[PDB]
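Worksheet for the structure shown next.
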Amino acid sequence: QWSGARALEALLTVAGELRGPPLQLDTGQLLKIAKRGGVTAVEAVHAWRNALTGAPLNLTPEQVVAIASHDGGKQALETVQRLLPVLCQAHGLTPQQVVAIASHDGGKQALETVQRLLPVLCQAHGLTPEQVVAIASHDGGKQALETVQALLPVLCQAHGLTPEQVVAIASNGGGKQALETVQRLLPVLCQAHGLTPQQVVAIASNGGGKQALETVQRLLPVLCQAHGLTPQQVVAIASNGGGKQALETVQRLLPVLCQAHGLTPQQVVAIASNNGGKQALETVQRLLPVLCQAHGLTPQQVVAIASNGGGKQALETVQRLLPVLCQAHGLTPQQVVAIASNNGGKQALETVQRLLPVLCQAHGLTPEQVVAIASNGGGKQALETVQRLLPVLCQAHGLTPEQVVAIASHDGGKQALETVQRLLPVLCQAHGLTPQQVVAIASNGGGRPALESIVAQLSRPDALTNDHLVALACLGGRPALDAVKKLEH
Amino acid sequence: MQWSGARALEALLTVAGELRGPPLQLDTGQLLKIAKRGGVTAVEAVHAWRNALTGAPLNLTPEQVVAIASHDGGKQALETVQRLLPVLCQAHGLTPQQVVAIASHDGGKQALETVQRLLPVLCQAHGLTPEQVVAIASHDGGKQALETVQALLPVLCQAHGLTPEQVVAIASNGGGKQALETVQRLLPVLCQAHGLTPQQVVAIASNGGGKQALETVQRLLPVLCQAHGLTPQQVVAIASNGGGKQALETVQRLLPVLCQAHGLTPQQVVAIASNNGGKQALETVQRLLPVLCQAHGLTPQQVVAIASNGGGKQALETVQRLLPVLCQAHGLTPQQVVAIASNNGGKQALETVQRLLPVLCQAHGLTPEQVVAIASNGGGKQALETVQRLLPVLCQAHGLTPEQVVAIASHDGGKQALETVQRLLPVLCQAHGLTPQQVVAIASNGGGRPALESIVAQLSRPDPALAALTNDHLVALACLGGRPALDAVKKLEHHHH
DNA sequence: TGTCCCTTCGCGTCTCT
DNA sequence: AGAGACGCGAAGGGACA
DNA sequence: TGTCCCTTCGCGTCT
DNA sequence: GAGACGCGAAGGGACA
Ligand SMILES: [Mg+2]
Ligand SMILES: [Mg+2]
């Protein structure tokens, strides 16, 4: 109770009583809250756990941790208890939407601003509630909402943006800055020898915001002339968060990396056109000679690994783990590169290192299969999900390990496996598909929505044959099923 | 003081006489055509070049030679084609068909030389494809349109927000240079002062006379929307055609005359005006409605329907002339005459029914109803003549019933579908095992020809993107959405995989 | 007049759902 | 299949040399 | 310092 | 294979 106990002691005391219901927090969730919301947020969570989880709020422990774990966490926790009922009962927002709004730094501010501005933004011929929630669901959500309120009319009338484009620009961290900068720089950027309005909107909408736009304004002429890049390549580099950083890094490193038998400008653009393109470029500069000597990789492979987001993390992890993977696990350098060459390459590699024994011994997969699974984006998720669901998919649903590996071996493998698990019985028992056909559908990128679109059109239809529908689902997934509505209708 | 043109006419007739012989064998129509547009010098150039064009290494058909010759400067275009056709086909990768297409307009020489000179910079420095460059070149003033596209493509995309496709669409009309410069000047005025989207502006600009239509929408939009009570959408719709300027001015004149004196709505007036020759259709309605509706004759709504299409004026006058004979001597109802008249080329279809209804019925065993159905689409004349031509071979050689032939014929582009079925049915059925019924079903839709061609393309040079579909699935798709469905499916597979 | 360019009208075909 | 979009050719005027 | 806001980076999924 | 989209984590400046 009431004392001047020190910070850590205060924390561990609050944590002590937070081990059981309604909210049993672990060390992980505790640390998570501490790192952003602080001991303040931990104390808030303690103080309010019963009200937060009880009626009529009924928030889960996960939702509570999600709100608590940001700067101003206590403020957001206090504010949602007030405003969730209001926003839900008076404005028809879902609790999920309200929690989404609250789960950012300064969430209190965003929630209060949605309360105030939702009635003025969502009048006739205005924004949809969904658009308002999207805009509010970022740090500085209040600033973004007030700025859309202000500049929506001039951006649409004077510059001819659609409301949808204005929302796209606004729906990022620093959205207020992106909107004001678009409004200022459109005229200057969109002249002969500049960018198209479409390109400026892309830059403003992809997360690099104000910084990326100002840096393009500044560096376009020299990057396009002295550095020989096309405007399109400059826009590609700028069209990520931290675009400014990547652009300045390309300006600095182009005359380094593009020397005799170095990289091409196109290779440099490729490396830089990812989140953290700066880190990826600098790491290529630093590690290309050593990965090629020590670990036997080629410059082409190094560029391949660098050419995704998490480039730096993947390159450093290859440098660190290629030996053990090759020796303690008998993989080849080409296999390690294949696992590394995706978003999350680092995670994929560490998960292969951790999980390859249990999967090959206890589950009887081949290292080749494990590598196949790991060699996509989200590879870590796919590995862990195969570990989790292999036995239930094979035992209860009658699949072969080969089929499970097939479902797992694309981007979104986790989602595909979980969806197959959900929907295999209804597709087979109610609509007469085979497990082979379900597996066929699931075994592509976009497997999950392909399966959901097919169970949708099969449960209540608007016609091609079922086999034709399965064939379309395999060929182009959900988009194929939707694009055939745009005809038969 | 003899007529000055006497010697010229005489020379013309001498050479023209000589051209009926090998290796060209021009008929009277072709010769007349060439004289009328290319002139005596064009006829003479055809004579002098006959051997160089016919066989040699060009292998132009006589129809192609006639198409190049029959324009202002046709002599020049003939010289330039024999010079640049090989250059453009092997240095730039164009087909001879594309080269002839570029050649076949006034100032064809200019267009060919400008394509030779600018195709590289337009494809490399500007990102255009050769198809797009050929499309821009393939109109009168094509040289001007190409140079203007080069000059203005960046400022139209960057300063004004157009896509390259939009710029190409604007440029790909006679007077394209004029339309491009006008869009440059007027897009901000039309968009910001009047609330038009750039899409509406491109739509107005993308016709022959684009510049005239844009300047006229600028001038008349305020008067038409405030006073006459038209919406901007309706004004854009009127403007969005060749002779847009003439249509808009005529709508301003005749809107209140038509509404007050005949009880038309503004929407009906807009519909009449929103065709090529909208002006003509309006003036003819004002003139002819009382006559046609006379003695409880046609109803006003019927007159409006006839006028609400392309060649409105021609259709109205032809109906005035031919309703009696068609109804009396041929036994059509006036309802059927109206249906036949209510399409682009209504006049042509009416005349062709008058001529071919007795033959198609007696010689080919069709009903008048079948003849009317064939006639009652755009290009009805072409479909009727094609049915006359191909009914015997489609039935006797390919096993189709007359009912099937009629169904193929009874859509827009029916001539095309019929000719393409005649051409492709043997390979579709014998070589790939489609049934005649499946071929007939694919062809019995608007766009039947390209749907059939898409299908044959996929069966003879399989694209991996479509291999997951069986022949029957390909058929169902082709029936549902024609070539566009097939093409859209390819893209879907590319993204998804 | 020969040649180039532009506008208007009539007519024919395909696409979009 | 109803409405809109796409697109070819004939034919006349301006312009100039 | 905690709260707010903006920027940058890593990662996962779908087209 | 590349590119678009969007979630969450972290770092740091302003500020009262
Ligand atoms: Mg990938
Ligand atoms: Mg003339």
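We name chains A, B, ... by the order of the sequence lines, and we start the count at 1 in each one.
Atom CG of B/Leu112 and atom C1' of C/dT3 are 15 Å apart (whole Å). Look at CD on B/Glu79: it is 16 Å from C1' on C/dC4, rounded to the nearest Å. Rounded to a whole Å, the NE2 atom of B/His411 is 12 Å from the P atom of D/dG2. Atom CG in B/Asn377 sits about 10 Å away from atom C1' in D/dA1, given to the nearest Å. D/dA10 atom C1' lies 15 Å from atom CD1 of B/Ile34, rounded to whole Å. A straight line from CD of B/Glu63 to P of D/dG9 spans 13 Å, rounded to a whole angstrom. Rounded to an integer number of Å, the gap from B/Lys36 NZ to D/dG12 P is 9 Å. The interatomic distance linking A/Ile135 (CD1) with E/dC5 (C1') rounds to 17 Å, in whole Å.
Residues meeting the side chain to side chain donor-acceptor pair (under 3.5 Å) test with A/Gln177, sequence neighbours left out: none.
Using a 4.0 Å cut-off between a side-chain N of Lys or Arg and a carboxylate O of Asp or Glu, A/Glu78 and A/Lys74 do not qualify as a salt bridge.
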Bracket string, DNA chain F, 5' to 3' - pairs by Watson-Crick or G-U geometry under 3.5 Å, | interstrand: .||||||||||||||.
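Expressed to the nearest 0.5 Å, how far CD of B/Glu44 lies from CG of B/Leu12 amounts to 8.0 Å. Rounding to the nearest 0.5 angstrom, the gap separating the CD1 atom in A/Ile237 from the OG atom in A/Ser273 is 5.0 Å. Taken from CG in B/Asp412 to CG in B/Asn343, the straight-line distance is 6.5 Å, to the nearest 0.5 Å. Atoms OG and CD, from B/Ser172 and B/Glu165 in turn, are 11.5 Å apart once rounded to the nearest 0.5 Å.
Between B/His496 and A/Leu475 the shortest side-chain heavy-atom distance does not fall below 4.5 Å. Residues A/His138 and A/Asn172 have side chains not in contact (no heavy-atom distance under 4.5 Å, counting atoms from C-beta outward).
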Expected string for nucleotides 9-15 of chain E under the B/S/- scheme (protein heavy atoms, under 4.0 Å, primed atoms plus P, OP1, OP2 as sugar-phosphate) is BBBBBBB
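Between B/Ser240 and D/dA5 there is no side-chain polar atom (N or O) within less than 4.0 angstrom of OP1 or OP2.
The number of heavy-atom neighbours closer than 6.0 Å to NE2 of B/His495, taken from other residues, nucleotides and ligands shown, is 12 or below.
Side-chain N/O atoms of A/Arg36 and base N/O atoms of E/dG2 include no donor-acceptor pair closer than 3.5 Å.
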